[PDB]
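Peer 1: If you scroll down you'll find the structure; I have some questions about it.
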Amino acid sequence: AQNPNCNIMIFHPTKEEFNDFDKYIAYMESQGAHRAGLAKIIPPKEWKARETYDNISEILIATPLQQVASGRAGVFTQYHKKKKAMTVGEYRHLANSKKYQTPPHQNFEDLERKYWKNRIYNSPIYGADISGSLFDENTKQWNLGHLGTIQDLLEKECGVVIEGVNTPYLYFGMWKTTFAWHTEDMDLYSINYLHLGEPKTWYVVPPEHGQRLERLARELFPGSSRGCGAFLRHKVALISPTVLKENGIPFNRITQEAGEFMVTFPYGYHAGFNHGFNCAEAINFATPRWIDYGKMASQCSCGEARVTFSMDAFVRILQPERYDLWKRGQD
Ligand SMILES: O=C(O)CNC(=O)C(=O)O
Ligand SMILES: [Mg+2]
Ligand code: NI
Ligand SMILES: [Zn+2]
């Protein structure tokens with residue numbers, strides 16, 4: 011078995027190997043990358059996502075989200091408070107203000123210590139889930155707006171044509187902006203490209219150990235657990251690496267820098283935080299190996315998780331028994 015300790019693998023494809031996306035994902039998996047739940051892909055030196063980032067300040071963040079925490083330093087939840095619209099230019103200025111900027115620090119490790127110590131006492135503002143793309147239309151390789159669609163993958167594997175579309179999303183982050191512990195909708199893969207700015211630190215639990223994370227989460231968030239059998243779908247719970255180590259949960263950590271891709275694999279729980287002003291682009295995708303995960307994915311039916319139009323058809327075809335109850339939670 012390849013990668014039996016489930017370590018995060020880092021890949022360095024040649025320009026030749028960067029031509030065929032599907033084939034490279036399949037290569038990574040042949041080397042055991044999926045066991046970790048997350049992989050890093052450094053693009054060939056000749057590759058670029060676009061010529062410059064000089065003209066992005068007029069992008070609108072229609073609903074910036076202030077991330078308000080409750081709980082203790084290592085075990086907390088966050089809620090999102092809606093703020094007034096601002097442009098990317100305005101957001102970058104805010105990120106760099108004395109109130110929100112990254113603090114002095116020695117290295118990534120010191121910054122990580124400071125995040126876990128202090129996150130709960132601040133409320134950073136995140137520009138999340140903005141439909142759109144920063145890839146140049148002439149970038150032919152690993153262009154997240156030109157991937158094969160999940161709907162076409164399900165059609166090719168299962169023979170059923172379904173409605174729905176699949177487009178990327180932009181994330182504008184600042185110091186301490188946080189992504190809570192989750193897997194993707196329908197336990198899909200995701201791919202994330204850090205276009206610019208400061209890094210993003212990731213934590214991941216191997217897919218083979220996801221249920222251990224879920225059990226710990228039920229113990230640490232006992233009211234949430236009673237309210238919904240899949241409350242991590244709400245994307246609000248944070249658990250520190252110290253707490254995970256104390257409870258014997260297997261996980262790994264890695265820092266992503268500007269110009270690098272991360273891939274999350276089906277049922278790989280992940281969480282993390284941004285180091286300072288940055289812009290990431292991400293999209294879900296599928297492969298033939300995903301189908302069985304899709305069929306088994308948990309769902310939130312309490313009504314909190316509230317998801318896209320396109321997830322309907324996935325639930326309808328892959329999880330017909332669940333479909334009825336899950337749509338009640340959607341409506
Ligand atoms: O970048 C973020 O805030 C969160 N991204 C993801 O969870 C992802 O790409 O799967
Ligand atoms: Mg602009
Ligand atoms: Ni994710
Ligand atoms: Zn729920």
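Taking the UniProt record's numbering, the leading residue of the sequence shown gets 11, the next gets one more, and so forth. For every residue, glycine included, the Cβ atom is placed at its ideal position computed from N, Cα and C.
Following a CB-centred definition, is residue 1 positioned closer than 6 Å to any heavy atom of ligand 3?
Peer 2: One cannot answer for residue 1 here, as it falls past the ends of the chain, which runs 11 to 341.
Peer 1: Residue 326 by DSSP, collapsed to three states: which one?
Peer 2: helix
Peer 1: Given 8 Å as the limit, is there contact between the stretch 197-205 and the stretch 290-299, that is, 3 or more CB pairs closer than that?
Peer 2: Contact holds: three or more Cβ-Cβ distances are below 8 Å.
Peer 1: In the DSSP assignment, the alpha helix (DSSP H) including residue 341 goes from what residue to what residue?
Peer 2: From DSSP, residue 341 is part of no alpha helix (DSSP H); its letter is neither H nor E.
Peer 1: Answer yes or no: the CB of residue 67 versus the heavy atoms of ligand 2, is any distance below 6 Å?
Peer 2: yes
Peer 1: Taking all protein chains shown into account, do 16 or more other C-beta atoms lie within 10 angstroms of the C-beta of residue 95, making it buried, or fewer, making it exposed?
Peer 2: exposed
Peer 1: In whole angstroms, give me the CA-to-CA distance for residue 236 and residue 195.
Peer 2: 21 Å
Peer 1: By Cβ distance below 6 Å, which residues in the same chain neighbour residue 52 in space, the five residues on each side in sequence not counted?
Peer 2: 22, 270
Peer 1: Please go through the same chain and pick out, in chain order, the residues whose beta-carbon is closer than 8 Å to the beta-carbon of residue 104, but skip the five residues on each side of it.
Peer 2: 96, 110, 135, 184
Peer 1: For residue 10, count the other beta carbons within 10 Å of its own beta carbon; 16 or more makes it buried, fewer makes it exposed. Which is it?
Peer 2: Outside the displayed span of the chain (11 to 341) sits residue 10, for which this structure offers no information.
Peer 1: Using the C-alpha atoms, what's the distance from residue 77 back to residue 24?
Peer 2: Taking the straight line from one Cα to the other gives about 39 Å.
Peer 1: For ligand 1, I want to know if residue 89 counts as a neighbour, meaning its beta carbon is within less than 6 Å of at least one of the ligand's heavy atoms.
Peer 2: For residue 89, the shortest separation between its Cβ and any heavy atom of ligand 1 does not lie below 6 Å.
Peer 1: Would the stretch 172-187 count as touching the stretch 135-152 if we require 3 or more Cβ pairs under 8 Å?
Peer 2: yes
Peer 1: So for residue 144, helix, strand or coil by DSSP?
Peer 2: DSSP, reduced to helix, strand and coil, places residue 144 outside both helices and strands of the structure shown, so it counts as coil.
Peer 1: Using a Cβ-Cβ cut-off of 6 Å (strictly less than) and excluding sequence neighbours within five positions of residue 320, which residues of its own chain qualify?
Peer 2: 174
Peer 1: Between residue 234 and residue 38, what straight-line distance do the alpha-carbon atoms span, to the nearest angstrom?
Peer 2: 36 Å
Peer 1: Hey, how far is the Cα of residue 11 from the Cα of residue 19?
Peer 2: 15 Å
Peer 1: Who are the Cβ neighbours of residue 163 in its own chain at under 6 Å, not counting the five residues just before and after it?
Peer 2: 296
Peer 1: Quick check: does the Cβ of residue 292 come within less than 6 Å of any heavy atom belonging to ligand 1?
Peer 2: yes
Peer 1: What number of angstroms, rounded off, separates the C-alpha of residue 317 from the C-alpha of residue 63?
Peer 2: 31 Å
Peer 1: With burial defined as no fewer than 16 other Cβ atoms inside 10 Å of the residue's Cβ, what is the status of residue 40: buried or exposed?
Peer 2: exposed
Peer 1: How is residue 115 classed by DSSP in three states: helix, strand or coil?
Peer 2: In this structure, residue 115 counts as coil in the three-state DSSP scheme.
Peer 1: Output needed for residue 206: all residues of its chain with C-beta closer than 7 Å, excluding positions within five of it in sequence on either side, in chain order.
Peer 2: 63, 268, 288, 289
Peer 1: If you draw a straight line from the alpha carbon of residue 32 to that of residue 304, how long is it in whole angstroms?
Peer 2: 18 Å
Peer 1: If you draw a straight line from the alpha carbon of residue 50 to that of residue 154, how long is it in whole angstroms?
Peer 2: 16 Å
Peer 1: With DSSP as the reference, label residue 156 as helix, strand or coil.
Peer 2: coil
Peer 1: For residue 130 versus residue 86, is the C-beta distance shorter than 7 Å?
Peer 2: yes
Peer 1: Considering only residues of the same chain and omitting the five flanking positions on each side of residue 336, which have a CB-CB separation below 6 Å?
Peer 2: Setting aside the 5 residues that flank it on each side, residue 336 is surrounded in the same chain by 309, 311, 325, each with a C-beta closer than 6 Å to its C-beta; the list follows chain order.
Peer 1: With residue 291 as the anchor, note down where its alpha helix (DSSP H) starts and where it stops.
Peer 2: Here residue 291 belongs to no alpha helix (DSSP H); instead the beta strand (DSSP E) covers 288-295.
Peer 1: Taking the Cβ atom as the reference point for each residue, do residue 285 and residue 209 lie within a distance shorter than 7 Å?
Peer 2: It is a contact, given that the beta carbons lie within the stated cut-off.
Peer 1: Cβ of residue 282 within 7 Å of Cβ of residue 211?
Peer 2: yes
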